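Read the structure below first, then the notes.
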Ligand code: CLA
Ligand code: CLA
Ligand code: CLA
Ligand code: CLA
Ligand SMILES: CC1=C(/C=C/C(C)=C/C=C/C(C)=C/C=C/C=C(C)/C=C/C=C(C)/C=C/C2=C(C)CCCC2(C)C)C(C)(C)CCC1
Ligand SMILES: CCCCCCCCCCCCO[C@H]1O[C@H](CO)[C@@H](O[C@H]2O[C@H](CO)[C@@H](O)[C@H](O)[C@H]2O)[C@H](O)[C@H]1O
Ligand code: SF4
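Residue numbers (my numbering), protein chains in the order written: chain F, 263 to 342; chain H, 13 to 49; chain U, 7 to 739; chain X, 604 to 797; chain P, 15 to 94; chain Z, 11 to 166.
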């Protein structure tokens, strides 16, 4: 499975969650940012590694990072 | 005594070009598809 | 889950055809294996090195065996000038009768291949004379191969596994390798030349059966122990000596004649014996420098800590670099590859110009093949050196432990280094290409007098300094009234000056404007290749585009289409790009070497001197003109012995072009295509009864780059090899 | 301070005022590091002392009529015999190298262990000119200035011989005969475009 | 040149300088079981000159001595 | 304080003096049991070989010991290979003041045999033949003479 990490520079804009085509990410309560919410990656067994989440992140440098890992049927995106 | 027989190429060339590669491919194929316990 | 690969559990659980490909590709990257420890890593490398050694000696055993069994070495030594060496016999049931007849040559009974490797000239020069000599050498090297293979097994056993500290004893290993592996080996080779090779070149047989009753010199070791070492330089072989016979032979065993043997047009055997004796002494002494268990010598760490310029111009200097180098296998391998890579090029440059082997110069095909062979190997080795330098920076480099030293300061001005390499490459490219194009236009409009022809005065000045009187500079060895000319006039200058002022050999060939332009093309290639490799290494850890690149490793596909798009951003991809430029550079180098020797060998250097100043000249007079015999190896009217090279020539073009498929078309296209094939197979009766165990997938992004480069590189090499051999041997065979 | 090498300039701060021969001349700031300057101070005196002997020996040989400094060692290469004031010296070149290497290593090895001492005094000052150490400042200035002049003179010997091939005394006689027609500007060497 | 006087003389000279001149300088600069100085080559020499130093300075003497003999032998040689 | 191979030399720690003939001689540190047995077996063969060479020469056996090699040999080697295998294997399996005298005499033989080999190549003289020459003319006959008269030695 790929490795997805959220870093404390997140502003809780939710754009990574909206952009994920696999429903890997979600928003959870937080107190470290004005929005009082932080991105979370609870279901990384379904991440395909497309990095649409990274494309959507506004912070500099990124607050959501994907590290490509071992390949399974799910992570490879196979329908067979 | 070192000189091989005149017929050696007729045997060794087919042996290393067709027979041994066939055994090696068959052996390797079964090994790479073998399932671990 | 699948067993294979055992070293990666992540790969073993991969359910696709990826796993087999990556199982092979990651097999020798020990550091990435599951459960790897530093001590076990070193022990695994040590055993692998024994495996390489046994393979090398078995490869040498095979070459000796086949020449003795199937070659014409005994016939060749009787007339090396007019007989072609035989590599091995052909047994191919696909041949037709005309092919059987065509390849039957060189005096053999059946079809054979002609050797281009030059082993005949090498073995003949060192004293081998009969097939029995070759047979015994073959058996000996097979035994040595087996011993090394056994030693690799032995040192993997519980009581024979060296500890980690043993592998990190730099001082002890350097002492032994300098004095023992370099020095004693060189001293032993001197003994062979004095006891065997030199007597054989004078018509005397010396072998294991009688070498203890034959004096290498009429005065046996008496001059050596009394200091009268000049007794061994007296009575050298005369200018009329016939190699291999006693006619015109001398008695000296250690000389400094410093030229070529007039008949063989190669280096004197007595000069090569004195060379290795002096090298042996230098290396034996050099191996007593570093500290070991005896309380004398240098500690390498102490030397490095001391060399810090007082002004602070290098910062902390070389502080911390002993641990950096000693703890990084990639820093060591990078240094080893860079050193060996440069040495390989030196071998190429010196062997053609100062041929050491008898009758090497006249074997034009062998001369061309050897120069091209070693220059391409040097090119690949240099790319690897920079590749592992970039791997070092990612995996092994520690910024905290290198704070302020020279290595950390290279990263501090990497933009200055890269941007200046960029400027040099741009300048060379614009102006070298510009001058060629200007000369092509002048040639096209029928005005060759308007072209820009810059004399290489700086290089001609160096040639004059070495004694070449053609250019009239007349200083140093070109000036008969100089101290340098006078002082050496009794040792080696007579032989050297005779050789350098003969325009029929390769010793400092005459150069002109055509040589000027191509040398700047070579500089363009070296600088651009270095730019790509250096940029790859210095940006390996990060860039403004990918600040955290070091967290992703040496090789990874990309970072996705975001931030403008990040294709080929990894340090591995920089190496992949650099190989194309290395091939282009070596291609320019070898084209230059080959064409300049083809026109010299044909007695018409004017064709090169007049056609090499514009690029249509290279296309028309080098490539197009010299392809004629090659492409007629077979045709509607028949075939000849060049048909194999004609076939290989097209074989090379085909593989080259197949590589373009992997380089241009990328994965996503193919993955979609394979899915329709997956659907079709499951829906086809009588075929869906069979099924795969690995789900088919398209090759990975990284894998496509490697495979495409492999096809590009293999086709590049084969195409030129066929052209080089066929165009040379066909002309001079 | 001895003076100013460039009138109107400011002495570099790293050259102390009491350093003998301090004219403030360090345009490349080689002595900026205090540790480097300490070595340079010792080395300058040593070079000056050898140059003072070298120039005196070069001039004495040619004035007395035993050839010039450049031709002195030719006997060791042409199979001749060593001479000194016309007195033959039995030793040959190989013997001379042995004596010099052993002697100089002993003397120079002893000086090295002293730790950068430039004014030993004691046994090396039998007449005690500088024993007071109060007036030694003037003498040290004279030693360094004469030493610097000797160093410049010796480079003049080597350079002049390489250009004209004559001995320093012979070259001086050539200049005096025709000052405007015999100088560095008329060698055909020093200035290529003259 | 006689080999005995040349080799003995050069060896004697290099042993003397190594014992009386540069012994102090060398010591200052100088200052899993196959990498340890297990055997301490103790000596009764007052200055600490032990066998290892004798081999070193002696080796230089022999090397320099043969250089003198070799260079001189060239003079008068024929065809060389 | 047992005698040491060098005056005023402290014996190495790993050599406690228990082994027979322990003079504290191991500058390289190789000894840091198998070697002790290895020294004897190599020494024992040297004593047998040294005695044989000296004994054979005295009785007048010819040719020289180094020329002794020159039942066919090709048939002897298979016999020796098989015969010696059993003894060595059984000897290995068992392993798996007299002692000091054995080692000291054994060490002397090992050095002595190397003298026989080097003397033969340098002098072409058997051990007794070489000894007699030295006695007849010690200063005249020595290593210095033979090393400087190899052409005469091989000129026969
Ligand atoms: C057991 C010891 C021994 C003895 C008693 C002799 C005795 C003799 N030798 Mg022999 N020799 C020996 C060992 C011995 N040798 C060894 C080991 C070698 C190989 C290096 C030689 C090589 C040799 C040559 C080449 C010659 C002799 C000759 C002679 C004769 C004259 C002496 C001479 O000139 O010696 C000078 C040369 C020597 C090597 C003498 C060495 C004596 C000392 C005591 C050896 C000490 C060894 C030492 C303990 C090893 C330490 C190893 C280290 C790693 C710790 C004389 C009969 C000469 C002769 O006339 O022969 C017919 C002659 O030409 N010998
Ligand atoms: C080094 C490898 C090698 C070798 C030794 C051969 C050998 C042969 N090839 Mg080639 N071939 C090879 C590689 C090789 N090929 C490769 C890699 C390719 C793909 C590019 C081809 C593609 C190819 C084609 C397309 C053809 C050949 C054919 C042939 C035959 C040519 C001679 C002839 O006229 O036979 C005539 C045939 C015979 C005399 C029959 C010989 C015996 C047959 C082949 C097997 C009998 C087996 C037996 C009944 C049971 C097992 C016995 C066994 C256990 C002892 C011959 C058997 C021709 C052929 O006839 O193929 C059958 C042919 O048309 N080959
Ligand atoms: C002493 C030499 C040496 C050593 C010990 C190593 C060792 C290593 N290198 Mg390095 N390297 C070297 C030289 C060396 N390299 C050179 C000369 C180059 C430049 C070409 C490189 C370039 C390089 C790169 C770019 C990389 C390494 C990597 C590695 C590591 C993994 C290797 C692996 O798994 O390969 C597996 C090998 C294969 C699966 C086979 C590859 C076959 C190639 C493509 C050629 C195929 C030719 C074809 C079959 C010919 C067909 C002909 C036809 C007619 C039949 C390993 C630590 C990798 C790494 O991760 O390091 C940390 C890595 O990425 N090396
Ligand atoms: C023949 C093919 C070719 C050419 C000409 C170039 C040229 C260049 N490459 Mg490229 N490259 C090639 C193939 C080629 N490459 C291939 C196959 C690969 C493998 C993928 C690479 C990989 C590669 C890398 C990785 C790098 C380069 C770099 C460079 C530059 C080297 C310095 C130089 O020559 O500056 C002088 C420039 C030139 C000679 C380019 C041509 C300029 C023309 C003649 C200008 C004409 C203008 C004129 C008015 C006409 C305009 C008409 C138009 C308006 C219609 C240069 C731009 C390096 C670079 O950028 O260095 C700074 C670099 O890092 N190349
Ligand atoms: C990145 C990196 C790396 C890599 C690197 C490389 C790869 C390099 C290379 C380099 C090179 C590749 C270099 C080269 C150089 C060379 C030189 C420097 C030379 C010189 C020479 C000389 C000096 C000469 C002289 C002479 C002459 C000319 C003539 C006469 C004689 C004489 C000798 C005098 C490493 C690993 C480190 C790590 C880190 C990073
Ligand atoms: C034609 C002209 C030829 C001239 C050749 C000159 C060769 C010079 C070789 C010098 C070899 C080293 O020898 C020299 O090392 C040290 C200085 O570096 C001195 O030793 C001293 O050096 C240290 C550093 O300055 C001092 O802090 C210490 O007091 C002491 O260790 C040695 O006492 C001396 O012998
Ligand atoms: S890489 Fe793609 S699938 Fe994985 S979390 Fe990011 S957007 Fe979702």
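By construction, the Cβ of each residue, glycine as well, lies at the ideal position given by its N, Cα and C atoms.
Asked: Beta-carbon proximity check, residue 74(U) vs residue 126(U), cutoff 8 Å; Found: no
Asked: Element boundaries [alpha helix (DSSP H), containing residue 756(X)]; Found: 739–767
Asked: Shell residues, 6 Å Cβ cut-off relative to heavy atoms of ligand 2; Found: 25(H), 26(H), 29(H), 30(H), 99(U) and 100(U)
Asked: Beta-carbon proximity of residue 62(P) to residue 28(P), cut-off 8 Å; Found: no
Asked: Contact set between residue 562(U) and chain F, taken where Cβ atoms lie within less than 8 Å; Found: 330
Asked: Residues near residue 756(X) by beta carbon distance below 8 Å, same chain, minus five either side; Found: 654 and 658
Asked: Proximal chain U residues relative to residue 34(H), where beta-carbon distance stays under 9 Å; Found: By Cβ distance, chain U contributes nothing, its closest Cβ being about 17 Å from residue 34(H), past 9 Å.
Asked: At least three beta-carbon pairs within less than 8 Å, the segment 365–377 of chain U to the segment 316–333 of chain U; Found: no
Asked: Buried or exposed (CB count within 10 angstroms, at least 16 for buried), residue 363(U); Found: buried
Asked: is_contact[residue 653(U), chain P] using C-beta, thresh 8 Å; Found: no
Asked: Under 7 Å from the C-beta of residue 161(Z): neighbouring residues of chain U; Found: 221, 224, 225 and 226
Asked: C-alpha gap between residue 537(U) and residue 567(U), whole angstroms; Found: 25 Å
Asked: Pick from 450(U), 360(U), 322(U) and 338(U) that is closest to residue 409(U), judged by C-alpha positions; Found: 322(U)
Asked: Residue 556(U) - DSSP class collapsed to helix/strand/coil; Found: helix
Asked: Outcome for residue 336(U) when other beta-carbon atoms lying within 10 angstroms are tallied against a minimum of 16; Found: buried
Asked: Assigned secondary structure, residue 1(U) (DSSP; H/G/I helix, E/B strand, else coil); Found: Residue 1(U) lies beyond the stretch modelled for chain U, which goes from 7 to 739, so this question has no answer here.
Asked: Cutoff 8 Å: residue 168(Z) Cβ touching any chain U Cβ; Found: Any property of residue 168(Z) remains undetermined from this structure, which presents chain Z solely from 11 to 166.
Asked: Three or more C-beta pairs below 8 Å linking the segment 724–738 of chain U and the segment 589–609 of chain U; Found: yes
Asked: Classification of residue 266(F) by the beta-carbon crowding that lies within 10 angstroms, buried from 16 upward; Found: buried
Asked: Separation of residue 546(U) from residue 516(U), as counted between CA atoms; Found: 44 Å
Asked: Presumed contact (8 Å Cβ cut-off) between residue 26(U) and residue 44(H), rounded CB distance; Found: 6 Å
Asked: Burial state of residue 325(U), where buried means 16 or more other Cβ atoms lie within 10 Å; Found: buried
Asked: Beta carbon proximity, residue 17(H) to chain U, threshold 8 Å; Found: no
Asked: contact_flag[the segment 492–503 of chain U, the segment 517–533 of chain U] where n(CB pairs < 8 Å) is 3 or more; Found: no
Asked: 8 Å Cβ cutoff met for residue 37(Z) and residue 53(P); Found: yes
Asked: Proximity test, Cβ basis, 8 Å: residue 328(U) and chain Z; Found: no
Asked: Contact with chain U by residue 17(P), beta-carbon distance below 8 Å; Found: yes
Asked: 4 or more residues per run - each alpha helix (DSSP H) lying fully within the segment 165–200 of chain U; Found: 170–173, 176–182 and 191–198
Asked: is_contact[residue 42(Z), chain A] using C-beta, thresh 8 Å; Found: In the displayed structure, chain A is absent; the protein chains listed are F, H, U, X, P and Z.
Asked: Residues near residue 560(U) in its chain [Cβ-Cβ closer than 8 Å; skip 5 each side]; Found: 396, 397, 400, 401, 546, 576, 577 and 578
Asked: Chain U contact for residue 28(P) (CB, 8 Å cutoff); Found: no
Asked: Spatially closest choice to residue 661(U) from 361(U), 376(U) and 714(U), by CA coordinates; Found: 714(U)
Asked: Stretch pair the segment 416–429 of chain U + the segment 632–639 of chain U: three plus CB contacts closer than 8 Å; Found: no
Asked: Beta-carbon neighbours of residue 705(X), restricted to chain P and to distances below 8 Å; Found: 27, 30 and 31
Asked: Per-residue DSSP class, three states only, for residue 163(U); Found: coil
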